[PDB]
2 protein chains.
Amino acid sequence: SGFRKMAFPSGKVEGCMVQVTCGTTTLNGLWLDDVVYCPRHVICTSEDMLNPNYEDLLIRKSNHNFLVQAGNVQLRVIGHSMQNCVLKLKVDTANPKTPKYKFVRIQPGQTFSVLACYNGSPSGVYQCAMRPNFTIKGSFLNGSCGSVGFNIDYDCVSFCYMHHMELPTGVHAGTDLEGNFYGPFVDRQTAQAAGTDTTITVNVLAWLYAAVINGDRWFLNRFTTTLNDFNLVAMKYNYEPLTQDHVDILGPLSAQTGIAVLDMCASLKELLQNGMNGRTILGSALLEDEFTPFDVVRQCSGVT
Amino acid sequence: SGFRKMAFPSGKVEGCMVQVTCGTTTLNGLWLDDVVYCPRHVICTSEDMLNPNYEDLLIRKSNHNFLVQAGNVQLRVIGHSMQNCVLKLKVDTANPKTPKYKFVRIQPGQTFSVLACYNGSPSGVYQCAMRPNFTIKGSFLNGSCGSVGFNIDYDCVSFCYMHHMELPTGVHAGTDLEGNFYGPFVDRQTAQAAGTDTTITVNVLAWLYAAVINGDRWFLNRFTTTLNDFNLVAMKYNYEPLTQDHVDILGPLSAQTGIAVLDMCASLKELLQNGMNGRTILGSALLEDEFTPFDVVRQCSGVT
Ligand SMILES: O=C(Nc1cccnc1)NC1(Cc2ccccc2)CCOCC1
Ligand SMILES: O=C(Nc1cccnc1)NC1(Cc2ccccc2)CCOCC1
């Protein structure tokens, strides 16, 4: 028993981290097979970040200008290309530590682990959710750009995020591994509006099921609700509308606990309307939305 | 910016995890050099766990009864010994992935990362604190025994915890790597009282400094206090008494923020007496005590 904000073991990803330097800018890159992936803003100067023409900036660069270092060994760059907001540096050596991997574009509300890196060296690992507004609330300092987010299914690492920037609001924006930003963000030092964020309703319900499995049951009540009634409450409290697809994904947890999804919705409704009255659930005094129904099943079943 | 409950990158530890089987019991072991360390309760049956005589149980076992598997390769056991509550299985092969390592006994209030494992395979990583009462609030299921806690200083892994059991209260107990339990616990299926736990005051103050560094400042007030006055409040709210040693360790954070430690104590005093009035600090609606002053400096400075 016990329920923690658990990240995937980061070993397979640590073996892919490298340092990429271009001019005076140093950030992190991801070395998979004979390609190193990194944010294209590695080619920017301080005057450039305000409004960069990446095409023109990249033209002034040659293969020998990209310094890629894996630990203490230097990699030889034999090609460079820009794909959306990522640079792909072809190297003459395939990473011997390349795990089985996929590049995936995750959906808002899904979770992943981040391996925060500086100068190509791993500093820490944490689990987070892609917010409904396509930002992530991470922990990143200057130099963390190029750190990646991922999920692991047995031996396969699905890379889903590469860190690009911190918005003036302190939240984080980045791309999939094809260099496409999540959300409306652009890789420019300009004020950028992150949309209105909402709470990931299906994740809060999944976490309420995790609480019941672990003995925290005080919030269970004698009530039920309907999807329509619950969604009137969700709208008022800036929660994502619950759909039948969300109910369907909660099926295994509803089956394990014997608590019908709409009954758990009625507990959530009362928690939204009345608050927690100074009580806690799984060591939290707020409703947690960073665990998906899959995370709850995985953590509660011990998937390795 | 941003502040997360960050674990150490687990790669160096993943390379040490093995599966240990004895009779019908399977748990995790830690393979360092030519020794595999695991909880001695791997030699227990179901009738034995209620009141085991480990000395007698181990006498009925031979080197060939301990099945140690690293991934898919079988290790050859050439010696076995019990040291306190851990079994040390000498193998004929030194682990090629053995990192630089130390065995350390951590103090209550200190933090560490846990790599939860099942059948010798890593499932996830999370950061936690050794509670003042020597329990840990982890996430462990049956089969997780032998999973370890550790800290990393550049290339050196300091192993500080090995998981042994879950108390009837759902909290976790284990040993240092010399097999000495943290706390009064014994490796027996019997009701065991964990002492009264307290909140780790120095960690809450460190986390309040992290909040200020990251822009969460609403809790800062126009007041100050004394160590004596603050400790009267800490006693009432079951917080650990703050000492000058704790003030001294908060020195760098006090210096970085320009907020005197006793002034931060006065903010904490008001938060204890008045609550958070429905507000949050670093995304939490309660006072967080799982970050040490060292963790806050490390996370805020990007130590890799
Ligand atoms: O976003 C970060 N820092 C960072 C800090 C903390 C967390 N995450 C990132 N760095 C900048 C990246 C950038 C953006 C667009 C074009 C060119 C470069 C933006 C700010 O100015 C310095 C470069
Ligand atoms: O503690 C765990 N399970 C577990 C589950 C979840 C989290 N952590 C551990 N397992 C037992 C270990 C034990 C203790 C003392 C002597 C002999 C063996 C105790 C309960 O009965 C089964 C063996």
Side-chain angles (χ1 to χ4, degrees), chain A residues 9 11-12 154-155 302-304, chain B residues 10-46 48-49 52 54-103 113-125 140-150 157-165 174-181 187:
Chain A
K12 293 162 179 300
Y154 174 49
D155 60 349
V303 171
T304 65
Chain B
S10 62
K12 293 162 179 300
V13 178
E14 296 166 46
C16 307
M17 305 307 305
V18 299
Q19 177 190 88
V20 177
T21 296
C22 192
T24 69
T25 305
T26 286
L27 44 61
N28 304 284
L30 186 65
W31 183 21
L32 291 167
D33 302 324
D34 60 351
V35 176
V36 172
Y37 300 84
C38 74
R40 68 182 182 165
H41 76 244
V42 71
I43 72 182
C44 299
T45 75
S46 265
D48 281 311
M49 57 186 174
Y54 287 98
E55 292 76 19
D56 291 357
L57 289 178
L58 191 56
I59 285 167
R60 301 285 183 259
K61 302 300 184 173
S62 286
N63 289 333
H64 72 265
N65 292 134
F66 298 99
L67 299 172
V68 183
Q69 195 173 317
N72 220 51
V73 291
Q74 208 64 25
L75 298 189
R76 186 177 301 277
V77 181
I78 62 172
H80 67 272
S81 62
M82 184 164 57
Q83 172 174 21
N84 300 312
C85 302
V86 295
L87 258 175
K88 294 193 292 198
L89 305 172
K90 195 193 184 180
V91 293
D92 74 352
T93 302
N95 185 356
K97 296 180 198 166
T98 302
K100 280 169 187 178
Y101 75 94
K102 278 180 195 163
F103 286 172
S113 296
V114 170
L115 177 69
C117 293
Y118 298 87
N119 301 108
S121 293
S123 56
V125 62
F140 293 114
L141 303 175
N142 279 349
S144 63
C145 298
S147 299
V148 302
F150 60 94
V157 179
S158 285
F159 294 100
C160 59
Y161 178 79
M162 173 168 279
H163 184 52
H164 288 238
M165 65 188 191
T175 69
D176 57 27
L177 271 296
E178 299 197 333
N180 300 107
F181 264 91
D187 49 352

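A, B, ... follow the sequence lines: proteins, then strands. Residue 1 opens every chain. For the numbers below, each heavy atom of this structure counts, side chains included, while hydrogens, waters and symmetry mates do not.
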task = Kindly compute the distance separating OG (B:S10) from NZ (A:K12), expressed to the nearest 0.5 Å.
result = 11.0 Å
query = Of all residues at least two apart in sequence or in a different chain, which pass the side-chain contact (heavy atoms from CB on, under 4.5 Å) check with B:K100?
reply = B:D155, B:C156
note = Residues passing the side-chain hydrogen bond (donor to acceptor under 3.5 Å, both in side chains) test with B:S144, sequence neighbours excluded, are none
Under the side-chain contact (heavy atoms from CB on, under 4.5 Å) test, residues paired with B:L141 that sit two or more places apart = B:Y118
inquiry  = Going by side-chain contact (heavy atoms from CB on, under 4.5 Å), name the residues that satisfy it together with B:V68, two or more places apart in sequence or in a different chain.
reply    = B:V18, B:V20, B:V36, B:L75, B:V77, B:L89
Student check: side-chain heavy atoms of B:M162 and B:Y37 closer than 4.5 Å = yes
request  = Please list, chain by chain and in numerical order, all residues satisfying ring pair (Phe, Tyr, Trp, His ring centres under 6.0 Å) with B:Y101, sequence neighbours excluded.
outcome  = B:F103
key: From CD1 (B:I43) to CZ (B:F66), nearest 0.5 Å   = 6.0 Å
Non-neighbouring partners of B:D48 that pass salt bridge (charged side-chain N to carboxylate O under 4.0 Å, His left out), sequence neighbours left out = none
message = Among residues at least two apart in sequence or on other chains, which ones pass ring pair (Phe, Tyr, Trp, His ring centres under 6.0 Å) with B:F150?
response = none
ask   = Where the side chain of B:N28 meets the backbone of B:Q19, is there a donor-acceptor pair that is under 3.5 Å apart?
value = no
key: Partner set under side-chain contact (heavy atoms from CB on, under 4.5 Å) for B:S121, not counting sequence neighbours   = A:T304
inquiry  = Just to verify, what does B:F159 make a ring pair (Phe, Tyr, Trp, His ring centres under 6.0 Å) with, not counting sequence neighbours?
reply    = none
task = Answer whether the closest heavy-atom distance between the side chains of B:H163 and B:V148 falls below 4.5 Å.
result = no
query = Do B:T26 and B:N119 come within less than 4.5 Å of each other through their side chains, counting heavy atoms only?
reply = yes
Minimum-distance pair of heavy atoms, taken over all atoms of B:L115 and B:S147 = O-CB, 3.3 Å
message = As an exercise, state the distance from CH2 of B:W31 to CE of B:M17, rounded to the nearest 0.5 Å.
response = 12.5 Å
key: side chain to side chain donor-acceptor pair (under 3.5 Å) pairs, two or more places apart, involving residues 55-66 of chain B   = B:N63-B:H80
ask   = B:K102 and B:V157: side-chain contact (heavy atoms from CB on, under 4.5 Å), yes or no, with the steps?
value = CA-CA 6 Å; B:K102 278 180 195 163; B:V157 179; over 6 Å; no
ask   = Once you round to the nearest 0.5 Å, how far does SG of B:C16 lie from CG of B:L30?
value = 5.5 Å
message = Side chains of B:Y161 and B:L177, heavy atoms from C-beta outward: is any pair under 4.5 Å?
response = no
message = Determine whether a donor-acceptor pair (N or O, by modelled atom type, separation under 3.5 Å) exists between the side chain of B:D176 and the backbone of B:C160.
response = no
key: Beyond-backbone contact of B:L27 with B:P39, side-chain heavy atoms, under 4.5 angstrom   = yes
ask   = Nearest 0.5 Å, what's the NE2-CG distance between B:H41 and B:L87?
value = 10.5 Å
inquiry  = I need the full list of salt bridge (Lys or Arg N to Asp or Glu O under 4.0 Å) pairs touching residues 68-97 of chain B, with sequence neighbours left out, sorted by first then second residue.
reply    = B:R76-B:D92
ask   = Is the side chain of B:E178 donor-acceptor paired with the backbone N or O of B:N180 at a distance under 3.5 Å, no angle test?
value = no
request  = Please tell me if the side chains of B:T25 and B:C44 come closer than 4.5 Å, counting only heavy atoms from C-beta onward.
outcome  = no
task = Would you list the pairs meeting salt bridge (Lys or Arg N to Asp or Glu O under 4.0 Å) in which at least one residue belongs to residues 15-40 of chain B, sequence neighbours left out?
result = B:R40-B:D187
